[PDB]
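Undergrad: First the structure, then my questions, so here it is.
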Amino acid sequence: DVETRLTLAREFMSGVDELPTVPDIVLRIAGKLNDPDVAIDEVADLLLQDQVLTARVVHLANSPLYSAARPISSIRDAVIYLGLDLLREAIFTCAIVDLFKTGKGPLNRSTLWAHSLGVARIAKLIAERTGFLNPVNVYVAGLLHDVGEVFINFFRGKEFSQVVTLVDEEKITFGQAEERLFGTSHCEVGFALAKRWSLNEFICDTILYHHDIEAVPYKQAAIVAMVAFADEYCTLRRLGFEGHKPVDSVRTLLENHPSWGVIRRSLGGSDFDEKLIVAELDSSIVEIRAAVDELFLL
Ligand SMILES: [Cl-]
Ligand SMILES: [Fe+3]
Ligand SMILES: [Fe+3]
Ligand SMILES: [K+]
């Protein structure tokens with residue numbers, strides 16, 4: 001009954017007069033992720049007129065995670081030092097942050113952003129460790145995964161207020177509370193939204209299926225599997241808000257997570273040890289959380 005939930009999701013957006021938008025640069029970048037031979041200076045040139053976006057990009061570029069110890073002070077430095085993929089990634093991040101800032105609701109702006117940035121970054125780490133060829137695509141799917149909660153929070157806040165208090169009082173997940181109160185969730189709303197924005201279906205499906213990887217109706221589902229894992233990981237390691245049923249052992253859950261099999265079926269040649277990946281994440285999650293929390297203050 002996804003169409004029932006998808007129909008309800010579209011009706012839920014109908015009642016909003018002015019719907020959120022994303023910059024053309026976000027859609028442009030989203031569209032070009034698979035083209036290895038784009039000219040870096042063309043990408044760089046997109047920032048030229050935008051002093052605010054430019055300064056944001058130089059700031060993220062200079063962060064340890066992007067730069068290491070090398071000082072990035074101009075955009076010219078960022079171009080030379082980041083290269084095409086990390087530059088697309090940094091620009092995407094610095095432009096999409098306006099979506100997460102431009103509103104208020106019952107959940108704090110910073111809650112949704114920090115969780116989304118965490119998911120993006122962890123999902124990318126997984127992409128890298130499992131040999132996935134275009135990890136920026138996983139990053140972008142990750143950062144957008146909960147764009148539906150952003151919508152409900154900012155645009156149907158009066159209503160989301162009730163989701164929050166049902167969650168806080170009966171200790172169910174946001175997705176469960178949404179299902180009960182609205183008959184649809186941020187998965188379906190986020191899908192409807194991303195479809196309205198003309199985002200590729202690899203992103204749309206990640207938004208739709210990220211709370212149950214086992215629902216994806218096709219075999220090559222690496223990105224979704226990566227972001228679903230990253231979301232559950234973040235939620236279980238203090239980088240989230242959506243809630244989770246009680247777990248006997250988190251490490252064991254993460255080690256046995258269904259995404260690992262989905263990634264292996266999608267990437268026939270990839271050899272990885274999910275035990276060591278979970279261990280690595282756990283060893284760096286305090287640092288990851290610090291970096292996330294510090295980048296932009298929303
Ligand atoms: Cl739809
Ligand atoms: Fe979610
Ligand atoms: Fe999430
Ligand atoms: K503020």
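Letters A, B, ... go to the chains of the structure tokens in the order shown; residues in each chain start at 1; ligands are counted from 1 in the same order.
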Could I get the residues of chain A with an atom no further than 7 Å from an atom of ligand 2, each paired with its nearest atom pair and that distance in Å to one decimal, using only C-alpha atoms and all ligand atoms, sorted by chain and residue number, as CSV?
TA:
```
residue,atom,partner,partner_atom_place_in_ligand_line,distance
A:145,CA,ligand 2,1 (Fe),6.4
A:146,CA,ligand 2,1 (Fe),4.8
A:186,CA,ligand 2,1 (Fe),6.7
A:187,CA,ligand 2,1 (Fe),6.6
A:210,CA,ligand 2,1 (Fe),6.5
A:211,CA,ligand 2,1 (Fe),6.2
A:242,CA,ligand 2,1 (Fe),6.9
```
Undergrad: Output the selection as a PDB file, in the first residue's frame - N, CA and C atoms for each residue.
TA:
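Done, and the output landed in out.pdb:
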```pdb
ATOM      1  N   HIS A 145      18.221  12.593   3.097  1.00  0.00           N
ATOM      2  CA  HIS A 145      17.348  11.459   3.475  1.00  0.00           C
ATOM      3  C   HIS A 145      16.069  11.817   4.278  1.00  0.00           C
ATOM      4  N   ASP A 146      16.237  12.752   5.212  1.00  0.00           N
ATOM      5  CA  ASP A 146      15.189  13.254   6.044  1.00  0.00           C
ATOM      6  C   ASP A 146      14.616  14.595   5.604  1.00  0.00           C
ATOM      7  N   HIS A 186       7.454  10.842   6.739  1.00  0.00           N
ATOM      8  CA  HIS A 186       8.450  11.685   6.074  1.00  0.00           C
ATOM      9  C   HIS A 186       9.167  10.976   4.916  1.00  0.00           C
ATOM     10  N   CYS A 187       9.184   9.641   4.913  1.00  0.00           N
ATOM     11  CA  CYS A 187       9.669   8.856   3.763  1.00  0.00           C
ATOM     12  C   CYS A 187       8.869   9.174   2.522  1.00  0.00           C
ATOM     13  N   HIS A 210      14.623   4.502   3.348  1.00  0.00           N
ATOM     14  CA  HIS A 210      15.728   4.545   4.299  1.00  0.00           C
ATOM     15  C   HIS A 210      15.451   3.967   5.660  1.00  0.00           C
ATOM     16  N   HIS A 211      14.169   3.803   6.024  1.00  0.00           N
ATOM     17  CA  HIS A 211      13.803   3.117   7.288  1.00  0.00           C
ATOM     18  C   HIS A 211      13.540   1.627   7.122  1.00  0.00           C
ATOM     19  N   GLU A 242      15.079  10.567  15.783  1.00  0.00           N
ATOM     20  CA  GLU A 242      13.860   9.936  15.329  1.00  0.00           C
ATOM     21  C   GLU A 242      13.446   8.788  16.218  1.00  0.00           C
TER      22      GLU A 242
END
```
Undergrad: Please, which residues of region 103-292 of chain A, numbered as in this document, come out helix (DSSP H, G or I) from DSSP, as a PyMOL selection string?
TA: chain A and resi 109-129+135-143+147-155+157-170+174-182+186-196+201-209+213-215+222-236+250-256+258-266+274-292
Undergrad: Can you pull out every residue within 9 Å of residue 185 (chain A), counting only C-alpha atoms, but drop anything in the same chain fewer than 5 positions away, and send it as JSON, numbers by chain?
TA: {"A": [5, 6, 9, 148, 149, 174, 175, 176, 177, 178, 179, 190]}
Undergrad: Using only C-alpha atoms, which protein or nucleic acid residues come within 9 Å of residue 260 (chain A)? Drop anything in the same chain fewer than 3 positions from it, and give the result as a PDB file with N, CA, C and O atoms, in the first residue's frame.
TA:
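Result went into result.pdb, see below:
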```pdb
ATOM      1  N   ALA A 225      21.098   1.285   0.931  1.00  0.00           N
ATOM      2  CA  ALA A 225      21.603   0.444   1.991  1.00  0.00           C
ATOM      3  C   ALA A 225      22.598   1.222   2.873  1.00  0.00           C
ATOM      4  O   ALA A 225      22.513   1.143   4.110  1.00  0.00           O
ATOM      5  N   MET A 226      23.480   2.018   2.231  1.00  0.00           N
ATOM      6  CA  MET A 226      24.471   2.834   2.930  1.00  0.00           C
ATOM      7  C   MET A 226      23.850   3.889   3.825  1.00  0.00           C
ATOM      8  O   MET A 226      24.265   4.091   4.996  1.00  0.00           O
ATOM      9  N   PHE A 229      21.798   2.287   6.741  1.00  0.00           N
ATOM     10  CA  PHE A 229      22.728   1.934   7.828  1.00  0.00           C
ATOM     11  C   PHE A 229      23.191   3.168   8.591  1.00  0.00           C
ATOM     12  O   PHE A 229      23.135   3.219   9.841  1.00  0.00           O
ATOM     13  N   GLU A 255      26.596  -4.741  13.404  1.00  0.00           N
ATOM     14  CA  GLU A 255      27.394  -5.749  12.703  1.00  0.00           C
ATOM     15  C   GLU A 255      26.568  -6.666  11.816  1.00  0.00           C
ATOM     16  O   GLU A 255      27.063  -7.082  10.776  1.00  0.00           O
ATOM     17  N   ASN A 256      25.361  -7.032  12.282  1.00  0.00           N
ATOM     18  CA  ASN A 256      24.449  -7.938  11.576  1.00  0.00           C
ATOM     19  C   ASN A 256      23.399  -7.219  10.694  1.00  0.00           C
ATOM     20  O   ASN A 256      22.513  -7.853  10.115  1.00  0.00           O
ATOM     21  N   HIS A 257      23.498  -5.907  10.595  1.00  0.00           N
ATOM     22  CA  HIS A 257      22.518  -5.094   9.861  1.00  0.00           C
ATOM     23  C   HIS A 257      22.310  -5.599   8.412  1.00  0.00           C
ATOM     24  O   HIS A 257      23.275  -5.982   7.756  1.00  0.00           O
ATOM     25  N   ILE A 263      24.699  -4.409   0.189  1.00  0.00           N
ATOM     26  CA  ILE A 263      25.908  -3.812  -0.397  1.00  0.00           C
ATOM     27  C   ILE A 263      26.689  -4.910  -1.129  1.00  0.00           C
ATOM     28  O   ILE A 263      27.040  -4.697  -2.284  1.00  0.00           O
ATOM     29  N   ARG A 264      26.916  -6.081  -0.497  1.00  0.00           N
ATOM     30  CA  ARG A 264      27.597  -7.197  -1.174  1.00  0.00           C
ATOM     31  C   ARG A 264      26.890  -7.717  -2.430  1.00  0.00           C
ATOM     32  O   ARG A 264      27.554  -8.083  -3.378  1.00  0.00           O
ATOM     33  N   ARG A 265      25.574  -7.843  -2.400  1.00  0.00           N
ATOM     34  CA  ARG A 265      24.835  -8.255  -3.590  1.00  0.00           C
ATOM     35  C   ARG A 265      24.944  -7.163  -4.692  1.00  0.00           C
ATOM     36  O   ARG A 265      24.935  -7.501  -5.877  1.00  0.00           O
ATOM     37  N   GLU A 274      32.661  -5.731   7.705  1.00  0.00           N
ATOM     38  CA  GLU A 274      31.736  -4.837   8.407  1.00  0.00           C
ATOM     39  C   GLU A 274      32.032  -4.746   9.925  1.00  0.00           C
ATOM     40  O   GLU A 274      31.755  -3.728  10.546  1.00  0.00           O
TER      41      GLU A 274
END
```
Undergrad: Grab me every residue within 9 Å of ligand 1, counting only C-alpha atoms and all ligand atoms, and send it over as a PyMOL selection string.
TA: chain A and resi 3+6-7+9-10+188-196
Undergrad: List the spatial neighbours of residue 200 (chain A) as a VMD selection string - criterion: any atom at most 12 Å away, only C-alpha atoms, same-chain residues fewer than 5 positions off excluded.
TA: chain A and resid 27 to 34 137 140 to 141 191 193 to 195 205 to 207
Undergrad: Write the residues you've just listed into a file as a PDB file, in the first residue's frame, and include C-alpha atoms for each of them.
TA:
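Heads up, here's the output in part_1.pdb:
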```
ATOM      1  CA  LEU A  27      19.720  20.495  -8.617  1.00  0.00           C
ATOM      2  CA  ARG A  28      22.590  21.186 -11.086  1.00  0.00           C
ATOM      3  CA  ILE A  29      25.162  19.433  -8.861  1.00  0.00           C
ATOM      4  CA  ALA A  30      22.701  16.619  -8.072  1.00  0.00           C
ATOM      5  CA  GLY A  31      22.408  16.130 -11.877  1.00  0.00           C
ATOM      6  CA  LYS A  32      26.133  16.065 -12.731  1.00  0.00           C
ATOM      7  CA  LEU A  33      27.472  13.720 -10.048  1.00  0.00           C
ATOM      8  CA  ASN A  34      28.296  10.928 -12.532  1.00  0.00           C
ATOM      9  CA  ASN A 137      26.348  10.333  -4.647  1.00  0.00           C
ATOM     10  CA  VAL A 140      24.164  13.687  -1.271  1.00  0.00           C
ATOM     11  CA  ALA A 141      21.487  10.887  -0.770  1.00  0.00           C
ATOM     12  CA  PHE A 191       9.828  11.242  -1.861  1.00  0.00           C
ATOM     13  CA  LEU A 193       9.126  16.497  -2.432  1.00  0.00           C
ATOM     14  CA  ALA A 194      12.237  15.250  -4.107  1.00  0.00           C
ATOM     15  CA  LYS A 195      10.085  14.150  -7.096  1.00  0.00           C
ATOM     16  CA  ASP A 205      14.166   6.045  -3.452  1.00  0.00           C
ATOM     17  CA  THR A 206      16.762   6.578  -0.700  1.00  0.00           C
ATOM     18  CA  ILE A 207      14.297   9.078   0.952  1.00  0.00           C
TER      19      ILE A 207
END
```
Undergrad: What are the closest atom pairs, with distances in Å to one decimal, for each residue of chain A lying within 9 Å of ligand 4, using only C-alpha atoms and all ligand atoms, rows by chain and rising residue number, as a tab-separated table?
TA:
```
residue	atom	partner	partner_atom_place_in_ligand_line	distance
A:101	CA	ligand 4	1 (K)	8.2
A:109	CA	ligand 4	1 (K)	8.8
A:297	CA	ligand 4	1 (K)	7.0
A:298	CA	ligand 4	1 (K)	5.3
```
